[PDB]
Amino acid sequence: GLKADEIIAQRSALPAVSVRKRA
Amino acid sequence: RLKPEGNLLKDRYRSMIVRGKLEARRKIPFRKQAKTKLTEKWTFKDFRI
Amino acid sequence: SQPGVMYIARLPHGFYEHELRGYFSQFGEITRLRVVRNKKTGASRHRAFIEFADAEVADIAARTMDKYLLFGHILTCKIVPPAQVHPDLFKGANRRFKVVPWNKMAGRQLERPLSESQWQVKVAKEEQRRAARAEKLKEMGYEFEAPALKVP
Amino acid sequence: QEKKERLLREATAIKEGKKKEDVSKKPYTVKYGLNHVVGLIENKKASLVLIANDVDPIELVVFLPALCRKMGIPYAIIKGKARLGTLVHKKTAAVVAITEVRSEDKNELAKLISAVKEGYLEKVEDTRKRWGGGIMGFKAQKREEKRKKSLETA
Amino acid sequence: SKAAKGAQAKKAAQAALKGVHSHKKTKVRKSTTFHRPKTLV
Amino acid sequence: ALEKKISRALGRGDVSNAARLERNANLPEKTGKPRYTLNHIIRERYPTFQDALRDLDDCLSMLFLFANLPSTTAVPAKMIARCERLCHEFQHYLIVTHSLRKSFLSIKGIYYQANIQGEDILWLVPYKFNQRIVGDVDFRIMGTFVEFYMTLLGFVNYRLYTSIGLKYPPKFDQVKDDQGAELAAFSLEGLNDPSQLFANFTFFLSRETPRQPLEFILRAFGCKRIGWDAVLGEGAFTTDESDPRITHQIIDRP
Amino acid sequence: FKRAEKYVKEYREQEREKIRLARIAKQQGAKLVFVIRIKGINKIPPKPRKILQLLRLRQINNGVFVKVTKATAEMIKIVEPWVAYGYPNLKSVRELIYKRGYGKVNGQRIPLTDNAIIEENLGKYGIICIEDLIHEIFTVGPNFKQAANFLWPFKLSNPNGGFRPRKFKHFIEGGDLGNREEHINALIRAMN
Amino acid sequence: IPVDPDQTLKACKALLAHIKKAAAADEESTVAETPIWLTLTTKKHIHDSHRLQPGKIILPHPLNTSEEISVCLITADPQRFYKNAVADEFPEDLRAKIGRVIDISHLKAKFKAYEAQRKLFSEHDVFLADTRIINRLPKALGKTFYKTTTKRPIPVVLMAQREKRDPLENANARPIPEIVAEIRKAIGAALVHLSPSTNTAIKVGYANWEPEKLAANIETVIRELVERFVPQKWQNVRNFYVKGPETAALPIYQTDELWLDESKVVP
RNA sequence: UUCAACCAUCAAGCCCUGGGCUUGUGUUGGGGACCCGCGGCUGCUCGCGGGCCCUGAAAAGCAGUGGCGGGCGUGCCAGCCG
């Protein structure tokens, strides 16, 4: 991979929040 | 070697004025500007560093 | 009063001595300035040291231009403490750093005609160079009959 | 006009017996609309968030820095909802976001994200916790300075 | 003066961080009466 | 309102929207016509074609004067080229109908008197030189006069060409115009005695001679074969001065 | 105040221009052209600005007639980033000389309102009228240099000045580098 | 040629035996992928400046014939025509060998980053470049590709041999079998690089080949390199060596005169 | 008070009919082992050029050599050569 891709995809450790299951 | 005399623009302009399709006016090279006061913007006043 | 020295890195290509002097002269008059350049080729090493006569003006310049995004570079501007200022930091400052063709020089001495005395010197040192390579290639299992250098 | 041209091309492809995916490529655009951007932040899809500084009512965006901080999204407060509307072909946009870009702009996006991180968030890390306002007027400040000077003299 | 060089550096910082359009023209008013501007009818 | 919309589009960066709104502005710099259409004004001001022919003196003097001027913001270059086009069309009508009667080389210009449908029309044309624009005239209101007289002369030319049964506007060759044909760039096609003084002669105009008045007068008074130097322009009957078919040559050199 | 990005941009532009000029000078290697001075980069290197001084193209929208030789071709190749040049035709030459033609008499700008000025200043060379001047310029005769030196540089107009939302925009945009050939005639029509 | 072939073949056997006995201290994988370098030493600089377009020397035993070698081809605009040509009208071995086709515009767009250039450098072994655009590749690829001469873009000819050309309307390309012949010739040819130096190193083969093949290869590259790419021919030539990446240099030719000409002799 | 794009997306010259050859000069900076070639250095070593890896367009003195012209002998040249 690339360091640019790592920086763009870097997030926090808390999991995602979803309103509903999507397709 | 003919030397043309007169100006045909001025001739047509004088013809218009004499026949009365418009009145004789002079050129205004400068117009009076609106009197204003210059002040600094609030963000530039409150900038701090 | 006390002069102030700022260290600026992450320099983009083109933001060099004259541009630094002209840009930071707007902030304040600059005592000394030096861009760290390689003596090998003359290219910049993307860092420089600027000494203003005023540490407070230097501090303003550092806080203004720190983390500035310029030509894909996030500039690093810091104030070095006077105790950490090296005494030989600005040697060669305020004068241009010239580019020198070392390779062109070396080609010129390779093409320079020399005198016969150092011609026997050079063929002699070639003789023990080839000899030394010969006991190096004894362990090789290799052998070459070396033609002797005829002296001019 | 661009959407109309794309729809005409897709209709031509459908008439010739090809899917619209064969003639149209995957788009990459900025994301706008407050509900959409909040959903993208909650789903951790948005790479960068820009919030207008002058949204009235302020309750629409007052939680957005905290939400971005909790989700680990780079955010920045920028001047001009009209300036964001000029991006999104509207009069006004409250918030915009980037989820992903093209390959030739991935480096530019990462450099912008890093520049935001060390140039906005590190500088406002402390000042975001302070109470604003409290500035006294010109005449009141002059009266207070005169009173303090008189108290110091006497 | 030290205040003068500090003001010059602060002006340079202000120009670097905010730009050069620091001033706005303001109309002078010889009267304290505001009138509704005449518009196209 | 449209200019405000264009300024809004330019300020928001919608360049395509700005161009699409600008093509509705109908600018003189891009069309060569007046910004505002005066067709309803022309009929109101001239109830009769006789009144149009009677104001044609001032109309022709105005347009023949502005055919030789540099470009300004009031009168752009496309507008000046349109004025030249209308003057050339009127000249071709006069040449075909043999309506030109008198001409006069005065110290200020060339007077032409023609007779169209019983009305004598006398107008003045400057010599082809650099005309001086002075500050003693109101050039912008002169430009408004140019717009009005251009709109009038277009309809006058259409009525005259339809009356003599010719296709209006005449075919115009841009390549020959760029090569410098002037009057020779027009090809007049049918729709759907001092007229023959110079009929039997072959004329050659030298380089110093005034090509436009000489060609106009000779071709209106019967000459069918006029040649000239190649720098005077395209459309000559012949170019070589040593052509033995030439009977008369105009020169003015010592 | 001047921006650091402006400083870096100026350095990179001058570096590119230095590379281009050195490449042209190392590589080294008769018609009529019309040359119009346009807007380029702000700082001009000394050799291109000296060539512009010789060609009398200091002001933007100045137009001159140039006879194409080896030397003049080299100088045109040098000053391409600040000029737009092409092949003028007979109508363009005639309209430029008749409508915007001025003469250099004792260092002052005298309009060509008659044949007497041309006969006084160029009559020893056989050019006694404006159409003789046009013939010499168009056919590129023996006296082309003196005819072009007699003609003052043409001051062309800016059509954008006739429209308020785009009044400040320059008419000729930079980027279309190189000869324009016969396409300079559209520029002459729009700016004459 | 002043060089003798029996010495060269003996030197290849000795160097190969050294390579196996050094690797013995996977064994076969260590023996293989080991390049063989021919070293030319001259008396002066072989060329006045750095030339970033390598020269090609045709070899009876081609290099890079292994199927694991990936080839990146750079063409003029557009890349779509050449991608379709590779996908349709190319032989299967070349189709498997060519792993990426990218034109100059997409290269300048997607690979302006130094990390992107290093990734493209690491993702391929042989880079081929159309001669119409090979002058713009030093700026588009940087010092990542041109600090080391191993993976410099090899010049290939894809232009059809006799205004602004529209890439979508026309490609101006030579026929596909000619393109295939040019690509296979450039892949099989050995590469020479000119720098202001007295030393030039050229990869002639691998350790896993046979010394007869190395001897024939080194003989033909010596003769072609001297007759074409060495100014002043053999009296400029000083020494020839054969070496591995970590082995010593085995001489195969020394000279008797160390001077280009007698004018250097000054009394 | 604009951080855009802009080299040759092929030309010219050879062979003289084969589709081949020559020129058109254009590279971010550092770090680590380690095989070499060539010039100085008594020698170590230092230069010039290659070989194998690492890296966000990364960075914390160590600047080293001779001259033409220009500026006021010179820690000055947004001018060159070595």
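Order of the sequence lines sets the chain letters (A, B, ...), proteins ahead of strands, with each chain counted from 1. Heavy-atom basis, side chains included; hydrogens, waters and symmetry copies ignored.
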For C/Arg133, which contact category applies under a 4.0 Å heavy-atom criterion: base, sugar-phosphate, or nothing? sugar-phosphate
So which nucleotide does I/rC48 pair with, by the Watson-Crick or G-U wobble rule with both distances under 3.5 Å? I/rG37
Out of I/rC10, I/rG49, I/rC38, minimum distance to the side chain of H/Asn239 belongs to I/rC38
Quiz question: going by heavy-atom distance under 3.5 Å, is there a donor-acceptor pair between the base of I/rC35 and the side chain of H/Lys243? yes
Report the nucleotide, chosen from I/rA78, I/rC7, I/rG37, that has the shortest atom-to-atom distance to any side-chain atom of H/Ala249. I/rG37
H/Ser197 has its side chain closest, among I/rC7, I/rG29, I/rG49, to I/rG49
Can you tabulate the close N/O pairs, meaning under 3.5 Å, that link protein atoms to atoms of nucleotides 15-22 of chain I?
unit_1, atom_1, unit_2, atom_2, d
I/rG20, OP2, H/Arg174, NH2, 2.7

Can you check whether H/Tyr241 stacks with the I/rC36 base, using ring centres under 5.5 Å and planes within 30°? no
Using a heavy-atom cut-off of under 4.0 Å over every strand shown, decide if C/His13 touches base, sugar-phosphate, or nothing. nothing
Check the distance between I/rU28's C1' and C/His73's NE2 and give it to me in whole angstrom. 8 Å
Just name whichever nucleotide pairs with I/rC10, Watson-Crick or G-U, keeping both distances under 3.5 Å, else none. I/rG24
Under 5.0 Å from its side chain, does H/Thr198 reach major-groove atoms (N7, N6, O6, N4, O4) or minor-groove ones (purine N3, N2, pyrimidine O2)? minor
Check nucleotides 60-63 of chain I against the protein and report each pair of N or O atoms closer than 3.5 Å, with its distance, or say if there are none.
unit_1, atom_1, unit_2, atom_2, d
I/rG61, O3', C/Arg34, NH2, 3.0
I/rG61, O2', C/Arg34, NH2, 2.9
I/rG61, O2', C/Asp88, O, 3.4
I/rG61, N1, C/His86, NE2, 3.3
I/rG61, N2, C/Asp88, OD2, 3.2
I/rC62, OP1, C/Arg34, NH1, 3.4
I/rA63, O3', C/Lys91, NZ, 3.2
I/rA63, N6, C/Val35, O, 2.4
I/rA63, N1, C/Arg34, NH1, 3.2
I/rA63, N1, C/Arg37, N, 2.9
I/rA63, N1, C/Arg37, O, 3.4

Return the value, rounded to whole Å, for the distance between atom CH2 of C/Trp102 and atom P of I/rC46. 15 Å
Rounded to whole Å, how long is the line connecting atom NZ of H/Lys110 with atom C1' of I/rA57? 21 Å
Can you tell me which nucleotide in I/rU1, I/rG29, I/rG26 comes closest to the side chain of H/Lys139? I/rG26
In terms of side-chain heavy atoms of H/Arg162, which of I/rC80, I/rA11, I/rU9 is nearest? I/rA11
Please state whether the phosphate of I/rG39, meaning OP1 or OP2, lies under 4.0 angstrom from any side-chain nitrogen or oxygen of H/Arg238. yes
Among the nucleotides I/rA57, I/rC48, I/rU1, whichever has the atom closest to the side chain of H/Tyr114 is I/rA57
From I/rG49, I/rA78, I/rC48, pick the nucleotide closest to the side chain of H/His50? I/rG49
With side-chain contact (heavy atoms from CB on, under 4.5 Å) as the test, pick out the partner of C/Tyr16 among C/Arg37, C/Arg21, C/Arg96. C/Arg37
For the pair made of CZ in C/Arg21 and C1' in I/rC76, what is the distance, rounded to whole Å? 10 Å
With a 4.0 Å cut-off on heavy atoms, is H/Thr131 in touch with a base, just the backbone sugar-phosphate, or nothing at all? base
Is there a Watson-Crick or G-U wobble pair linking I/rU28 and I/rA58, both distances under 3.5 Å? yes
Of all the nucleotides listed (I/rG31, I/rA58, I/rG39), which has the minimum atom distance to the side chain of H/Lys147? I/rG31
Check: D/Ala115 main-chain N/O paired with C/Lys67 side-chain donor or acceptor under 3.5 Å: no
Donor-acceptor pair, H/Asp103 side chain versus H/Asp77 backbone, under 3.5 Å? no
Using the six-membered ring of each base, decide whether I/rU28 stacks on its neighbour I/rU27 (centre distance under 5.5 Å, planes under 30°). no
Is it the case that I/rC14 and I/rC15 stack, meaning their six-membered ring centres lie under 5.5 Å apart and the ring planes differ by under 30 degrees? yes
Please determine whether any donor N or O and acceptor N or O are separated by less than 3.5 Å between the side chain of C/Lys98 and the base of I/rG66. yes
Separation of I/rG82 atom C1' from C/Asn103 atom CG, nearest Å, is 13 Å
If you measure from the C1' atom in I/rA60 to the same atom in I/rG43, how many Å do you get, rounded? 37 Å
Salt bridge between C/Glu126 and C/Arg130, side-chain N to carboxylate O under 4.0 Å? yes
Can you tell me how far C1' of I/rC48 sits from CD of C/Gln109, to the nearest Å? 11 Å
Quick check against the 3.5 Å criterion: does G/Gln14 have a side-chain atom that pairs as donor or acceptor with the backbone of G/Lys43? yes
Does a nitrogen or oxygen in the side chain of C/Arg10 sit under 4.0 Å from OP1 or OP2 of I/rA58? yes
Just by distance, do the side chain of G/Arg49 and the backbone of G/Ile44 share a donor-acceptor pair under 3.5 Å? yes
Which nucleotide, I/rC7, I/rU25, I/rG39, lies nearest any side-chain atom of G/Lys26? I/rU25
Determine if I/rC41 and its strand neighbour I/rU42 meet both stacking conditions: ring centres closer than 5.5 Å and an interplanar angle below 30°. no
Indicate yes if the six-membered rings of I/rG79 and I/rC80 are centred less than 5.5 Å apart and inclined by less than 30°, otherwise no. yes
Nearest-Å distance for atom pair NZ/P, residues G/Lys50 and I/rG79: 16 Å
For the backbone of H/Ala140 and the side chain of H/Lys108, can you confirm whether one donor and one acceptor N or O come within less than 3.5 Å of each other? no
Checking only heavy atoms, does the side chain of D/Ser114 share a donor-acceptor pair with the base of I/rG56 at less than 3.5 Å? yes
Take atom CD of H/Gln117 and atom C1' of I/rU55, then tell me their distance rounded to the nearest Å. 13 Å
Paired, I/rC68 vs I/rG79, Watson-Crick or G-U, distances below 3.5 Å: yes
Grab the two heavy atoms, one from C/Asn94 and one from C/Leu33, that are nearest each other, plus how far apart they are. OD1-N, 2.8 Å
Residue pair I/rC34 and I/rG51, Watson-Crick or G-U wobble, under 3.5 Å both: no
So, for G/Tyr7 and C/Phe15, is the gap between ring centers shorter than 6.0 Å? no
Considering just the side-chain nitrogens and oxygens of D/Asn107, establish if one lies under 4.0 Å of OP1 or OP2 belonging to I/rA57. no
